[PDB]
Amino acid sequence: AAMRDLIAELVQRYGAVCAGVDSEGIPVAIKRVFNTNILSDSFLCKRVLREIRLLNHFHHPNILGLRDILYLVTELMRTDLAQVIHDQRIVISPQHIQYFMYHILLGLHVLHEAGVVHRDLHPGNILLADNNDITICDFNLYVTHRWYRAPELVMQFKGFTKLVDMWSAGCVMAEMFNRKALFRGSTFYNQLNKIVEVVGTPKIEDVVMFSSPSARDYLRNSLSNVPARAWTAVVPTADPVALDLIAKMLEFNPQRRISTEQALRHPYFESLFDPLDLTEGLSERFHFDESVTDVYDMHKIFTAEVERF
C-alpha cells in the first residue's frame, strides 16, 4: 500500500520508488520515505536534507534533478545500465559504449567540479532516459556494488578523493565490452587479488600510502609477485584506443589515475568531444553545514530551498 496515500495529496503504476503521471501529461518518478520517523530524527533528517540539497544544487542533463520537492518527484527513467548489460538480447556496440562513457564521465565531471564525490558508482545508479541518454543518481552518502570500489576504498583509506569515481567508471567500461563485471570478488583478499592479477603487483610503498593500518595488517605477510596481464585478454572486444583509456582509468595508485578532464580529452572520445562540455551547465562548489543538527532548525531550511508547489 502506497498509491492510496497520494489520493489525499495530488499518479500510480533508502525509500520506496513508484511511477506515475503528473498534474499534466508528464511521466514522473515518485519516491516515498517516512520510516525505517526519519524527517523527525535529526540524524536521518540531515541525510534526507543532504539528498534534496544535492539534487537541487545541479542543473545538468547528465545529473538527476528534482521536478517537485516525505515525497520526492523527478523524471521517470526507462531503465538503468545494469539491466542493459545484464540482458544479452540487447547488443552494446563500441559506438554505444563510447556514447555512454562520454555521458557517464560528463556527469562525474559536473560532480567533481562542484566538489562532490559519488563514491558508489555502478551500472545500477547510471539511469537511461526514454531518449536513451545517461543520467546519474545516488551521489548522496545488494553485495555486487563492492566490485566497483577503488583499491584505496577496499583498503579502507580515509583520504580517498574524486579519483575513486574514475576506477568505478573504468570498471563499468570493461563491463560494457565483456557483458560481465571485471572484478567479481567476495572477500577483501580475493577482490584485491583479482585487481592485481589484471593491473599488476603495485609497489609496497604505494599500497602503504593508500591503506588503513588494519588493511596493512591484513596484507602484512600478503606479498604478491603477480605480473600485469595483457589488456587484450582482459577486455577482448575493446580496440587499442579503448584499452589504452581503460588501463589509465584502472590505475591501482590514484596518484597515476587519469583525471576527469584528461579521460574526456583522450583520443577515445575524439568523435564526440567538445571542450565546451567541460564548462557548460556547471554548478559552483557545493556547501553543506554538517555541524548544525536540531529538530525545528532543519524544517526551516527545507521550505527555504523549495519554491515550486
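Throughout, we count residues from 1 along the sequence that is shown.
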Sequence continuity check, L10 and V11 (deposited residues unmodelled): 4 to 9
Residues of the deposited sequence left unbuilt between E280 and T279: none
78-86 set against 176-184, stretch whose average Cα temperature factor tops the other in the entry: 78-86
Mean temperature factor over C-alpha atoms, higher-scoring stretch between 99-107 and 130-138: 130-138
Residue with highest C-alpha B-factor in the PDB entry, from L264, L245, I26, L66: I26
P202, C-alpha B-factor rank within chain (lowest, middle or highest third): middle
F210 by Cα B-factor - lowest, middle or highest third of the modelled chain: middle
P227, C-alpha B-factor rank within chain (lowest, middle or highest third): highest
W147 by Cα B-factor - lowest, middle or highest third of the modelled chain: middle
Chain-wide C-alpha B factor ranking for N221, given as lowest, middle or highest third: highest
